[PDB]
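Notes follow the structure.
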Amino acid sequence: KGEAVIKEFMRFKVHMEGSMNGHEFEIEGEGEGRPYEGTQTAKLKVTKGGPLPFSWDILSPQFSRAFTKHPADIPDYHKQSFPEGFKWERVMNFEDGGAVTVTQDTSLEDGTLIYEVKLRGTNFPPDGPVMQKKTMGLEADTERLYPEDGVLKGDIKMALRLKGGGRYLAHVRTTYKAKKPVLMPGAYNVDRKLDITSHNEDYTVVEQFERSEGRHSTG
C-alpha cells in the first residue's frame, strides 16, 4: 500500500527504554504531524528514572522518519515501507568521548504509527555538559544520506548549544532499513531543525517540534 497508507495527517505513539552512564530510564509519548509538509510535534513524559540526570538534547533526535518533505523527484524511502514499516540503528559520538547507540522499530497499528526505541549512552564525563544539563537545544543540521544494499546510510554533523555560549559537537551515523524492498532514492540531504517548545522545570514533561526537508546535494 506504501505512500497511500501515510496520510496528510498522522499520529504516532513512542516508548523509549534507555540508560545514560548506567542510569536507567523510560519515556512514553505521543505525537502528530503533516508527513508531506515535513512538520511534526511530540509530547514526551518520563515514566521511569526521573528526573533525568542528563540533557534532554541526547533524547530529542530519537523520537520519526515518515515526516520528511521531499521534492517531486526524490522517492521517500520511509513512506514507501508501509504498512510493514522500518527500523533504524544509530551511533552518536561526542567531542568529549560520550557515545550513544540507539535502535528503533517503526510499525503501523490501526492507522497510528508505533515507535519503540532502545538507547545506551556511555563514557560521558560526569562533570561534562550532558550529565550537568548545560546544553540549550540542537542547532539546525543536515543529514547526508546515501543508498546501499536496499538501505539508507546517514551522517550528521550535530551541534548542541551550550548554556553561556558555544557549541558541543557530535557525529551521528545511522542505517535506516525498510522491512520490505522499496524504490531507492539517490544520495541526498535532509535539512532539520528540532526545537524544544515547552517543558516543566524538571523536564519530566517535554514538547518538541521538528521540520525535516529533503533536497539534492550540489556536489
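By order in the C-alpha cells, chains are A, B, ...; within a chain, residues start at 1; ligands start at 1, following the order shown.
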
Q: Pull the alpha helix (DSSP H) assignments for segment 26-214 of chain A out of DSSP run on the backbone, and list those residues as a VMD selection string.
A: chain A and resid 77 to 80

Q | Expected answer as number ranges by chain: strand (DSSP E) residues in segment 107-182 of chain A | A | A: 107-109, 112-122, 135-138, 141-148, 151-162, 167-178

Q.
What's the separation between atom CA of residue 169 of chain A and atom CA of residue 54 of chain A, in Å to one decimal place?
A. 16.1 Å

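Between atom CA of residue 140 of chain A and atom CA of residue 85 of chain A there is a distance of 26.6 Å.
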
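Atom pair atom CA of residue 84 of chain A / atom CA of residue 64 of chain A has a distance of 15.0 Å (rounded to one decimal).
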
Q) Can you list, as number ranges by chain, every protein, DNA or RNA residue that comes within 8 Å of residue 88 of chain A when you count only C-alpha atoms, leaving out same-chain residues fewer than 2 positions away? A) A: 86, 90, 103-105, 174-177

Output file for the selection above: C-alpha atoms, as a PDB file, in the first residue's frame:
```
ATOM      1  CA  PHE A  86      11.191   0.041   9.054  1.00  0.00           C
ATOM      2  CA  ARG A  90      22.318   4.814  15.185  1.00  0.00           C
ATOM      3  CA  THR A 103      17.877   1.237  17.851  1.00  0.00           C
ATOM      4  CA  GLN A 104      14.323   1.902  16.734  1.00  0.00           C
ATOM      5  CA  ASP A 105      11.363  -0.017  15.294  1.00  0.00           C
ATOM      6  CA  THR A 174      22.541   5.851  11.167  1.00  0.00           C
ATOM      7  CA  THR A 175      21.382   2.955   8.971  1.00  0.00           C
ATOM      8  CA  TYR A 176      17.683   3.005   8.001  1.00  0.00           C
ATOM      9  CA  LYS A 177      16.217  -0.380   6.951  1.00  0.00           C
TER      10      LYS A 177
END
```

Q.
Give me, as a ChimeraX atom specification, all polymer residues having an atom no more than 7 Å from residue 188 of chain A, counting only C-alpha atoms and skipping those fewer than 6 positions away in the same chain.
A. /A:144-146,214-217

Restricting it to N, CA and C atoms, dump the selection as an mmCIF file, in the first residue's frame.
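Dumped everything to again_11.cif:
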```
data_model
loop_
_atom_site.group_PDB
_atom_site.id
_atom_site.type_symbol
_atom_site.label_atom_id
_atom_site.label_comp_id
_atom_site.auth_asym_id
_atom_site.auth_seq_id
_atom_site.Cartn_x
_atom_site.Cartn_y
_atom_site.Cartn_z
ATOM 1 N N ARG A 144 23.376 13.781 5.548
ATOM 2 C CA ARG A 144 23.794 13.319 4.206
ATOM 3 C C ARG A 144 23.475 11.833 4.132
ATOM 4 N N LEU A 145 22.528 11.456 3.283
ATOM 5 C CA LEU A 145 22.073 10.058 3.105
ATOM 6 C C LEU A 145 22.617 9.494 1.804
ATOM 7 N N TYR A 146 22.932 8.217 1.816
ATOM 8 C CA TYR A 146 23.230 7.528 0.549
ATOM 9 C C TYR A 146 22.653 6.129 0.593
ATOM 10 N N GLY A 214 13.908 17.078 2.600
ATOM 11 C CA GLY A 214 14.904 16.501 1.694
ATOM 12 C C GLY A 214 15.218 17.402 0.518
ATOM 13 N N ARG A 215 16.452 17.351 0.043
ATOM 14 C CA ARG A 215 16.891 18.111 -1.136
ATOM 15 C C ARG A 215 18.055 17.370 -1.772
ATOM 16 N N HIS A 216 18.336 17.698 -3.019
ATOM 17 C CA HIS A 216 19.591 17.245 -3.640
ATOM 18 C C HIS A 216 20.775 17.996 -3.047
ATOM 19 N N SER A 217 21.923 17.340 -3.102
ATOM 20 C CA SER A 217 23.244 17.993 -2.911
ATOM 21 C C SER A 217 23.693 18.582 -4.252
#
```

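Distances here use only C-alpha atoms; by that measure, the residue among A:11, A:193, A:1, A:199 closest to residue 114 of chain A is A:11.
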
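Distances here use only C-alpha atoms; by that measure, the residue among A:89, A:96, A:30, A:17 closest to residue 59 of chain A is A:17.
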
Q: Mind checking which residues fall within 12 Å of residue 196 of chain A, counting only C-alpha atoms, ignoring those fewer than 6 positions away in the same chain, and posting them as a list in words?
A: residues 41, 42, 43, 44, 55, 56, 57, 59, 60, 61, 135, 136, 137, 138, 139, 203, 205, 206, 207, 208, 209 and 210 of chain A

Q. Near segment 182-187 of chain A, counting only C-alpha atoms, which residues have an atom at most 7 Å away, once you skip same-chain residues fewer than 5 positions from it, shown as a PyMOL selection string?
A. chain A and resi 74-75+77+80-81+145-147+150

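Among the candidates A:178, A:27, A:10, A:156, the one nearest to residue 106 of chain A when counting only C-alpha atoms is A:178.
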
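Shortest atom-to-atom contact with residue 5 of chain A among A:191, A:201, A:127, A:109: A:109, counting only C-alpha atoms.
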